[PDB]
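What follows is a single structure, written as structure tokens, with notes after it.
A, B, ... follow the sequence lines: proteins, then strands. Residue 1 opens every chain. Counting convention: from 1, in listed order, for ligands and their atoms alike.
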Number of protein chains: 2
Amino acid sequence: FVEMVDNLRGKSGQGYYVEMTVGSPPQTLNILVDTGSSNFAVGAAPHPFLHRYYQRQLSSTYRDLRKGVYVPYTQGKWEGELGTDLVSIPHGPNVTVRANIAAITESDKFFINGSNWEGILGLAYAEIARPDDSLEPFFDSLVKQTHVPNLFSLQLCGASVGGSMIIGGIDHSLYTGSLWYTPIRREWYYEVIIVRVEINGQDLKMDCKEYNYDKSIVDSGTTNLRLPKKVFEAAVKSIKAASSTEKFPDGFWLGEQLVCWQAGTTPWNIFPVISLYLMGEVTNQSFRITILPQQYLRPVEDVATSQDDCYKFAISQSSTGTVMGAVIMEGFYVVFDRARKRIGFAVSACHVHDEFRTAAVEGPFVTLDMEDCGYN
Amino acid sequence: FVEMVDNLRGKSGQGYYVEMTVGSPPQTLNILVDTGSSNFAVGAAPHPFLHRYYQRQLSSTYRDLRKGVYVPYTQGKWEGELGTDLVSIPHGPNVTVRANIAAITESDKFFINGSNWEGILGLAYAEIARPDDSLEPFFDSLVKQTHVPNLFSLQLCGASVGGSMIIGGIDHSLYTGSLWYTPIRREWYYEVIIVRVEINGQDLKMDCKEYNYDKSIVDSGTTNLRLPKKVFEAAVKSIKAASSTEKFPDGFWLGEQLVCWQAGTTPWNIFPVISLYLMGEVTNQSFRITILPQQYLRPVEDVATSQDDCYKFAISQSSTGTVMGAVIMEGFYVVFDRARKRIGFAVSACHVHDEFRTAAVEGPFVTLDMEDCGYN
Ligand SMILES: COc1cccc(-c2cccc([C@]3(C)CC(=O)N(C)C(N)=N3)c2)c1
Ligand SMILES: COc1cccc(-c2cccc([C@]3(C)CC(=O)N(C)C(N)=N3)c2)c1
């Protein structure tokens, strides 16, 4: 696994990507690692933002599936042509596989101008694969055609930024202390159940069933930690009041303006550590992950309307549930243990850390009626 | 007002715009009519998607305000340089005014590739103007510097598509029957209070306070009718079950895949009319607006992965409240009566109508405790 270490580039703002090769002979592309979707879609036409794109004409091994896909988002969309071809991951396992590729032929607000990636690798499960759950995801093909074990792990770092995708197992050099595991509630998204939240050290006497309304998921393709309204509403109230040494703008919390200081002058300690307790592997047992304010206030880089230490509030609202984005994942080594229906967390050997507090994964804790926190 | 009739172009998918002129001599630009924001922002650099952009260097009358703006959205952002200049609306009032312009110098996922507009005219109020409520919105400058009365009205049409912005008053040729008025609850967004909802004819025994959690607004710059989760959840359940002659995809309702038939074969009548009751002008009195399925199922045009009559579900979820978008507004002539803190609705003389049902604005109805439907 020394080969796979540090095989990711990019930020949480713009995503993390791994180099991939597609077709015979190998076309090299930079592809977003996205645990929030299940399609392997690559740009296959010269959209002007793209550095590279998939040229099927040049591949011995491509096969058209004579079938198209349309994938709308909030303001976004992409659209392509389903086929299959030979995929390999240079700095991954030393195998090669026949995976589905959606050749993106049209898109709106999908690719980022000035980004350095050209497709997405949806690592989530069949059930949310477009167009339907028979479009077998990449990772399933990988395990299903090779001797690669059914799990991968992710260490996302970054102050641009880097990280590691260890396909097939775990690499002990990427975390400290112990890995704790929460169940994958169902294999569609990487859905997990949050059972209690705390800010700094004090919870939120909130029906935990809210924390997971209607969903809680782990998504390397979402930037923020994203909370539902009631919990966000509740959350911010408590972070806001906690963080009243100083008075910041009332719309900033809603991510409608950003906030700024200068070099050195970022007020670390006015801000609370935040703690999510996740359902554990055993009845009535949980564990917790604790994020520093480094994680939920992320530098907004080159705003030319300043030369200051600006930051956006990396927590936000959701109609679709909790989303533990790259802001949360940057603190931890996250193991996606598809073989045992569980996701493991450990302190990342690369989390940004002051000489004061830290990120933490701790347990066990005793929590009753955890199964009641999942929405049905 | 014969001059202002039909001075809007575009769709609900891509927005409606009015021709404007800025600077001396007049630079012509196509600008989005957006009642969901309060900034007049125009593209002022040669972003490649843009047909035209504001060239300050060429204006006698421009004045720099030596101050910048940054405006983030969900995935989106823009950023510019505050100044003021001379603005006129060719097919508007025969005046000219000194308004604030944000010259957009940088943006991500803001402009649409293949769109024909180049800025936005935020018609909402100071309170949500970025950076703060002292950046006086266009319309306030308009009324405040001319004899133009403090109201405008909008007729949005469309099967591309058209419409009319009547600045300064009402034009009786754009609606049928009577105008009914709901209070502007507060002057930030165009916030209104929904007090009951019905599908086909049957309500939703839902605490009306949900319908407005935390906000209900009228937004010509939002495409969908957008409902909060509980109400959307509730809503769809009732539209879904109502519309079970046929079985459509389970993810389509969430706007994650679109749905299709062919010429002639759109099943009109399986789908219910929807009714929103809005708080009226008098204690315990309301009125209602009724939308046909034409309105909430909008053609998705050139999907090349078909030659069928496709449609997206024009209703969706929200962390930020109800939003009555261009899907709702297409049915009605909407009067923004800033002078009397109220918004008027009437059947649009241009709503798309089958030889069966219709859009409707009706009243009065007796509804108790309407003031309790507003979130505080
Ligand atoms: C940190 O990761 C990202 C940063 C910016 C954008 C994206 C991204 C771009 C395009 C599509 C996706 C998507 C496939 C769809 C989506 O909205 N989510 C939340 C997701 N998981 N992946 C992400 C990821
Ligand atoms: C039908 O109107 C539109 C269709 C597509 C896009 C837009 C649009 C594009 C860019 C910004 C806006 C914005 C300023 C921000 C926003 O998200 N909303 C909801 C809004 N009212 N206007 C709209 C409007």
Side-chain angles (χ1 to χ4, degrees), chain A residues 8 10-17 32-41 71-78 104 107-112 115 117 119-124 128 130 156 158 161 163 189-190 217-224 226 256 298 314 318 320 323 325-327 329-330, chain B residues 8 10-17 32-41 71-78 104 107-112 115 117 119-124 128 130 156 158 161 163 189-190 217-224 226 256 298 314 318 320 323 325-327 329-330:
Chain A
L8 301 188
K11 329 162 145 181
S12 74
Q14 269 204 200
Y16 296 77
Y17 54 93
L32 181 94
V33 169
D34 178 16
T35 68
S37 69
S38 304
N39 264 281
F40 182 41
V71 182
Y73 301 111
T74 8
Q75 257 292 277
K77 91 187 172 52
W78 65 263
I104 298 159
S107 66
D108 194 59
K109 289 171 186 209
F110 181 72
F111 300 114
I112 297 155
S115 73
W117 55 268
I120 76 155
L121 173 54
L123 292 150
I128 61 175
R130 277 95 157 192
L156 307 174
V161 159
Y189 300 89
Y190 286 102
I217 73 160
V218 182
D219 198 344
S220 64
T222 303
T223 294
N224 279 181
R226 295 191 38 241
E256 286 177 6
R298 63 159 192 92
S318 162
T320 61
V323 172
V327 144
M329 291 178 75
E330 257 150 34
Chain B
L8 301 188
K11 329 162 145 181
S12 74
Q14 269 204 200
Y16 296 77
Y17 54 93
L32 181 94
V33 169
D34 178 16
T35 68
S37 69
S38 304
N39 264 281
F40 182 41
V71 182
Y73 301 111
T74 8
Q75 257 292 277
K77 91 187 172 52
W78 65 263
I104 297 159
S107 66
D108 194 59
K109 289 171 186 209
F110 181 72
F111 300 114
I112 297 155
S115 73
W117 55 268
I120 76 155
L121 173 54
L123 292 150
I128 61 175
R130 277 95 157 192
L156 307 174
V161 159
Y189 300 89
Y190 286 102
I217 73 160
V218 182
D219 198 344
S220 64
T222 303
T223 294
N224 279 181
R226 295 191 38 241
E256 286 177 6
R298 63 159 192 92
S318 162
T320 61
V323 172
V327 144
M329 291 178 75
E330 257 150 34

With A/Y190 via ring pair (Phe, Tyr, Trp, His ring centres under 6.0 Å) - residues at least two apart:
A/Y125, A/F336

Return the set of residues passing side chain to side chain contact (heavy atoms under 4.5 Å, CB included) with B/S38 (not counting sequence neighbours), or none when no residue passes.
B/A124, B/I128, B/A129, B/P137

Could you tell me, atom by atom, which parts of ligand 1 come under 4.0 Å of a heavy atom of A/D219?
19 (C), 20 (C), 21 (N)

Please work out, at 4.0 Å between heavy atoms, whether the side chain, the backbone, both, or neither of B/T35 comes within that distance of ligand 2.
neither

OH of B/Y17 to NZ of B/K11, rounded to nearest 0.5 Å, is 11.5 Å

Please work out which of B/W117, B/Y17, B/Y189, B/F111 has its closest non-hydrogen atom nearest to atom 9 (C) of ligand 2.
B/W117

I need the nearest protein heavy-atom contact for atom 5 (C) of ligand 2: residue, atom name and distance, please.
B/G13 O, 3.5 Å

Minimum-distance protein heavy atom relative to atom 17 (O) of ligand 2
B/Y73 CD2, 4.4 Å

Measure the NZ-OG1 distance between A/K109 and A/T74 for me, rounded to the nearest 0.5 Å.
11.5 Å

Quick one: nearest non-hydrogen protein atom to atom 10 (C) of ligand 1, plus distance?
A/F110 CE1, 3.7 Å

Is there a donor-acceptor pair closer than 3.5 Å between any side-chain N or O of B/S220 and the backbone N or O of B/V33?
yes

Distance-only N or O hit between ligand 2 and B/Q14, under 3.5 Å:
no

Closer than 4.0 Å to some heavy atom of A/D34 - which atoms of ligand 1 meet that?
13 (C), 14 (C), 20 (C), 21 (N), 22 (N)

One residue to check: B/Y16. Relative to ligand 2, which of side chain, backbone, both or neither has a non-hydrogen atom less than 4.0 Å away?
neither

The closest protein heavy-atom partner of atom 1 (C) of ligand 2 is B/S12 O, 2.9 Å

Minimum-distance pair of heavy atoms, taken over all atoms of B/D219 and B/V323
CB-CG1, 3.7 Å

Is there a side-chain contact between B/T223 and B/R298, using heavy atoms and a 4.5 Å cut-off?
yes

Between B/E330 and B/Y16, does a side chain to side chain contact (heavy atoms under 4.5 Å, CB included) hold up when you go through it step by step?
CA-CA 11 Å; B/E330 257 150 34; B/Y16 296 77; 2.3 Å; yes

Of A/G325, A/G10, A/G221, which has the heavy atom at the shortest distance from atom 24 (C) of ligand 1?
A/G221

Protein contact of atom 2 (O) of ligand 1 - nearest heavy atom, named by residue and atom, plus distance:
A/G15 CA, 3.2 Å

Using a 4.0 Å cutoff against the non-hydrogen atoms of A/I120, which atoms of ligand 1 qualify?
14 (C)

Is the A/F110 ring parallel, tilted or perpendicular to the A/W117 ring (thresholds 30°, 60°)?
perpendicular

Please confirm whether B/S220 comes under 4.0 Å of ligand 2, counting heavy atoms of the residue only.
yes

Would you mind listing which atoms of ligand 2 come within a distance below 4.0 Å of any non-hydrogen atom of B/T222?
19 (C)

Is a donor on one side and an acceptor on the other found under 3.5 Å between the side chain of B/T222 and the backbone of B/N224?
no

